[PDB]
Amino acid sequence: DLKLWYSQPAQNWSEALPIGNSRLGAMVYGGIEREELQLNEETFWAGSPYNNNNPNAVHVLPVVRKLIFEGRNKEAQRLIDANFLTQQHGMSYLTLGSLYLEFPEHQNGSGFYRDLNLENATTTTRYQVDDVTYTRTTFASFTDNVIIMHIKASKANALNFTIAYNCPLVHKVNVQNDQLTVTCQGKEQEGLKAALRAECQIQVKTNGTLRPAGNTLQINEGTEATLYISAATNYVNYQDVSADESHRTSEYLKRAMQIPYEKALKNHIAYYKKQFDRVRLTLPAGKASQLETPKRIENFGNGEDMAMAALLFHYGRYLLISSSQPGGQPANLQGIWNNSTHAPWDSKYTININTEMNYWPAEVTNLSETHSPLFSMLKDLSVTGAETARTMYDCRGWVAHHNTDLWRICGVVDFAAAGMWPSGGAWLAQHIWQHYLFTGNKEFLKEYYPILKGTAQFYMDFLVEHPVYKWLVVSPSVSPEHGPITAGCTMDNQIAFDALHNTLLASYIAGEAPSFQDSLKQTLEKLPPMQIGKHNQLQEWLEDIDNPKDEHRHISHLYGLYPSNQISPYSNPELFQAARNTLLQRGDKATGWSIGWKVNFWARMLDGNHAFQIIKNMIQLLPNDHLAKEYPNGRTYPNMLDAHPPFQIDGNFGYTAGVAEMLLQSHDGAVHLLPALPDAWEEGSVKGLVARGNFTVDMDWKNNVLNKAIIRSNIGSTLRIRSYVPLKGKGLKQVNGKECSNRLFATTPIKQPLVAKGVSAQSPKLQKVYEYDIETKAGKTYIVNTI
């Protein structure tokens, strides 16, 4: 059960299958008389180097702030829209075009089968024409940095086809020396000129004959043919476009063709398997699980295909591996897969939930390497966003708002109502802190500390005293993406808290001046506390203005519940219950990404049954975008890709991290085994998850109860297990009272929440937990059993 298969070739982009090696991507249709591979390279975007800083903002910031405190929010907003933005609002990721293979004589094909196999990161297309069988194997090589397509007829000399290319961009195609060569111009956008070019080269190994035919390349009388597809651009970094794209493309191709095909395949599969075989979720199958995958998606609701949930979980891991690898660019709104020259929201990096969600799987699902391209981006933003901080706000450190792109802009995007939100940089930076919590790597933390610290330094210079309540607050900002431009947003308070407090914790490891550490504490102590309001809800703003029917897709004020660690049912039961009520008020549906966050939310609520209800709200078929009005509840394409709609990859990755959080939590402050297992999943296993403190964890269960767990300690120190059932095992002390000495999965104290006048704050219903301690040694493995 690790393949997606189909009995008809793709009729549209939502039916085609994604492959990629992080840099090159293809979407594969499977068409019989004509195959299409629509291509992408991760650095092919519109525009040039630029920024969207508006220096007018520094002159106007005090006046904007005065008005907000006077309740004149519209006037402040009109002032923001005129002085804080430019004419450029993030450049669009682009398509690289489509390669077509034309099989004119393959008229009446039968016995058709298409798949994508997650075991080995290859797609297969197979069919009969008369007595002859045809088989296509396609993959984007992790080892040879080219896309490869291998085609085999089962009869001698029976293979004849043409290779051609098209693209919506301005392009040239030339056939010389049996090599098809494409050059592709980048694109002008919002008045910014095009500095990028792409090149693509195709060659073919075959026992048949090769010859040109206009701007196509024709193969005749073959038995096997093997296409080698290379491409690259002139991008080096955000302010350097001087590389030679032709040389780059030639070099990849030359090198890839030195290896024979069977070995090149083996190698690819091996390299992929190192990252992919680390983790498996197993849930029981039925006969239903054998059906083709669009049917599995459609019928998931009826309960007879629990294993499908596991398949979608594995798909997220495949996608992250296939879209994000060390040395490259981070996964954008669409991963690396996009066929437009003006995509939805420019297939950019949206950093008020979206880009962060993409990387939730990285640590917990055992894909730590996939995280690197993001840290790499953070170095860039720590420079370009220091320019933003200085020019616009006259502040030290660095900042980013709610969107950035290949050129690493950090200013205010689109318009104030959604864009005036200076906490994007600070949230992204927390991915540094989490990488440390999960790996324990102190060397990493010291390298990246200046960057993390930079966000804390910005807040210390940007925060201002609220005239009435005296708390330090972030203004002007919004709770993404609704309500007015305002001051004391709960989300900004939670992110500022993490920025300051985790900079502090890191400072004891990195080394710092006592005076800078005392600033951090003095600043934390002045931040606003969280609040329970008149509907027993957690307040999104300072004032008690939450609307209990509002089902807005964003729930930005539960950042603290997830992905942060500020709402614990043990430390703060009353607040936890207010979060619960907030979640009931927002409801279970909305966009694909919204649904993905909610699986994590309900996992942190320790409510497996509700989490599984969210899962059922994602696994519903949207056949394609042409039929969205007719299928308005569909959130998964026949691709198994997530639908906002349209296609947005956030939800695939949010879902995967969600299933993990259902089975394992390590943030508060113990390693919690099966914290949110649905009654639906009566029996199964999971292998390979990671807990903070760098523990790898395997678990299996029967009758809705943990049976056995196997925990490897990758770096030693104390392990604290937490469970709903009592446990036994070698060297397992029970513990009551004193907290654990391991800081990595430890939680952190928040300010006492305030309760509104005449509210009697409800208390949550919690299962009794049993906690145990183990003293562990790096490299060793410990087994735990149930009583």
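From 1 onward, residues are counted along the sequence shown.
When the mean C-alpha temperature factors of 738 to 746 and 57 to 65 are read from the deposited coordinates, 738 to 746 comes out higher. Stretches 298 to 306 and 646 to 654 differ in mean C-alpha B factor, with the higher average recorded for 298 to 306. Across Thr582, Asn493, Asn220, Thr95, the entry's maximum B-factor at the CA atom is seen for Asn220.
When the Cα B-factors of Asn403, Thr370, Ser340, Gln128 are read from the PDB record, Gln128 comes out highest.
Among all modelled residues in its chain, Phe313 ranks in the lowest third by Cα B-factor. Among the modelled residues of its chain, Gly30 has a C-alpha B-factor that falls in the middle third, as given in the PDB entry. The entry lists a Cα temperature factor for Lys470 that places it in the middle third of the chain's modelled residues.
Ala426 sits in the lowest third of its chain by CA B factor, as recorded in the PDB entry. When the CA B factors of the chain's modelled residues are split into thirds, the value for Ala46 lands in the lowest one.
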